[PDB]
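Colleague: Turn this into a model:
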Amino acid sequence: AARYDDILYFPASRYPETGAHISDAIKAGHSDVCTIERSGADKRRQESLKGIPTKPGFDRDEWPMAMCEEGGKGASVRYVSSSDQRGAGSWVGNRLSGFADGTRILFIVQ
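Modeller: Numbering: from 1, shown residues only. Structure data below:
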């Protein structure tokens, strides 16, 4: 039992606002590990974003992410410029697709 099964290196200079959120959230004690669980993501996003208004030009970025058991209630949410947020979320999902639900992935912001 290590805290994680494999590791993702997030490319902060490619997606600087989303990388700063993930880094600030991990530095504040939010989990650095994503226990992937895709089926519950819509439920978790309802819980993480409850009561947080939308903002024109920005997306509500979550860390931990909705596709992680660690997401949902208590997640960090930041307004992130939409091009940055959406590019980052697509990058992350693309890189995590090789891992089945239940895999624990440590995120390191590079």
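
Colleague: Please compute how far stretch 4-22 lies from its chain's middle.
Modeller: How far stretch 4-22 lies from its chain's middle: 9 Å, per CA atoms, centre = their mean, to the nearest Å.

Colleague: can you pull out the strands in this protein?
Modeller: With strands called from DSSP state E, the chain shows them at 6-10, 33-35, 58-63, 76-81, 104-109.

Colleague: by contact count, what packs against the second one?
Modeller: It stands for strand 33-35. strand 104-109 (3 or more CB pairs under 8 Å, 6 or more residues apart in numbering; DSSP states H and E). All C-beta atoms are positioned from the backbone trio N, CA, C, and that covers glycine.

Colleague: contacts for the strand it packs on?
Modeller: 3-10, 12, 19, 22-23, 26, 32-36, 96, 99 (CB atoms under 8 Å, 6 or more residues apart in numbering).

Colleague: one step back: any chance of TSV for the strands of the chain, columns distance to residue 44 and mean neighbour count?
Modeller: Putting the strands of the chain into TSV (distance: least, CB to CB, whole Å; neighbours: other CB atoms under 10 Å) gives the following:
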stretch	distance to residue 44	mean neighbour count
strand 6-10	19	14
strand 33-35	12	20
strand 58-63	8	22
strand 76-81	12	18
strand 104-109	16	18
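
Colleague: Relative to residue 47, which of these is closest?
Modeller: Nearest of these to residue 47, taken as CB to CB: strand 58-63 at 9.9 Å.
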